[PDB]
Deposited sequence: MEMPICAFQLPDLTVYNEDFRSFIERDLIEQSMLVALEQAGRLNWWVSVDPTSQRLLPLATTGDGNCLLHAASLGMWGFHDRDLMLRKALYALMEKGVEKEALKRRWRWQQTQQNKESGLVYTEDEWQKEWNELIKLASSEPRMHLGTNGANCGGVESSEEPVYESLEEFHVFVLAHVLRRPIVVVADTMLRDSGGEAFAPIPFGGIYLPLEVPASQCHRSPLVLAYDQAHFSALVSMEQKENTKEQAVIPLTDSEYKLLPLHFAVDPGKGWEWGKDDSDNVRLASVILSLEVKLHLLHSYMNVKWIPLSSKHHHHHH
């Protein structure tokens, strides 16, 4: 009868733009996304069951290909400086990052697991091709410059770039044609929790668009803190994206077929809760 939530604040973006707070109040609300995710029961379902919790509203999304990075700026000012800087940082961390070797293991393992659901078995060359494709999407090559849109794993890398957790509010199915992979929790697991921001970046996804989620009082700058639940409306724990790391001693051929080996790396509920409590302030409310 108790669900885990997280009391978050908006990122202190003073050093990037000293008037960022003013751009938040100035910013539009993505009314199309608000209505969609609310009527889908994904957004603001918690208001009725959890008092002392404000409604979350999506900031204006963009259409230049950097809506994910633009959400990290929470304002109009990101457009001609930061959004591209964050995109470049995203690319750099995948190509020459110090934790890129571990990020690749987390990506490949999850992709291998999800590949079973379709009977897909990648060759060693196809794995190389898919990884290169991910990095290519994070490039700053255009085609008003328009940049390539980003996938699920890019959100996970963004968490490492910002050095802060990312919680995405989204639907589970595509209007049910196909699964939507973006909803869930993204933790900078390759970065020590002590060196990360405590407050998570709360986002919303709808119709191939990303937007930052803020409360009304967080937008008018009258209250610093808001609440995001770490479960769905049915109180099932949110998916932890790329949380499993099989390790360097994981032989991709043999171990993936071994059910005993897979069980030894598949996270339990206790482990998942520990990871959440490590990078976020998780409060249990009745």
Checklist entry - Tell me, which runs of residues in the deposited sequence have no coordinates at all? => result 144 to 160, 193 to 197, 309 to 318
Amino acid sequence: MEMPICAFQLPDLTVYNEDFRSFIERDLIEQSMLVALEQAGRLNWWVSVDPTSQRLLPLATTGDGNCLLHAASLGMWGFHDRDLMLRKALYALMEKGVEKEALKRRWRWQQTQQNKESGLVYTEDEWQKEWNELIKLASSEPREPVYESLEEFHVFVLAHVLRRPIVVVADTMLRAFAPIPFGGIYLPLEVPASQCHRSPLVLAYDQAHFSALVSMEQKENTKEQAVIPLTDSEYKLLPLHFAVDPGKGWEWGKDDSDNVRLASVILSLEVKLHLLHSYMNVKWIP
From here on, numbers count along this sequence of modelled residues.
Checklist entry - Given the B-factors recorded for C-alpha atoms, which segment has the greater mean, 87 to 95 or 122 to 130? => result 122 to 130
Checklist outcome for this item: Looking only at C-alpha temperature factors in the entry, 218 to 226 or 46 to 54, the higher average sits in 46 to 54
Checklist outcome for this item: Max C-alpha B-factor within the set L174, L187, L150, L213 falls on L174
Item to check | Per the PDB entry, maximal CA B factor within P165, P142, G78, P181 | outcome: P142
Next on the checklist: Which third, lowest, middle or highest, does the C-alpha temperature factor of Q31 belong to within its own chain?
Outcome noted: lowest
Checklist outcome for this item: Chain-relative C-alpha B factor for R261 (record values, thirds): the highest
Next on the checklist: By the recorded C-alpha temperature factor, relative to the other modelled residues in its chain, which third is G249 in?
Outcome noted: highest
Checklist entry - Thinking about Cα B factors across the chain, which third does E25 belong to? => result highest
Item to check | Entry-reported Cα temperature factor of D12, expressed as the chain third it lands in | outcome: lowest
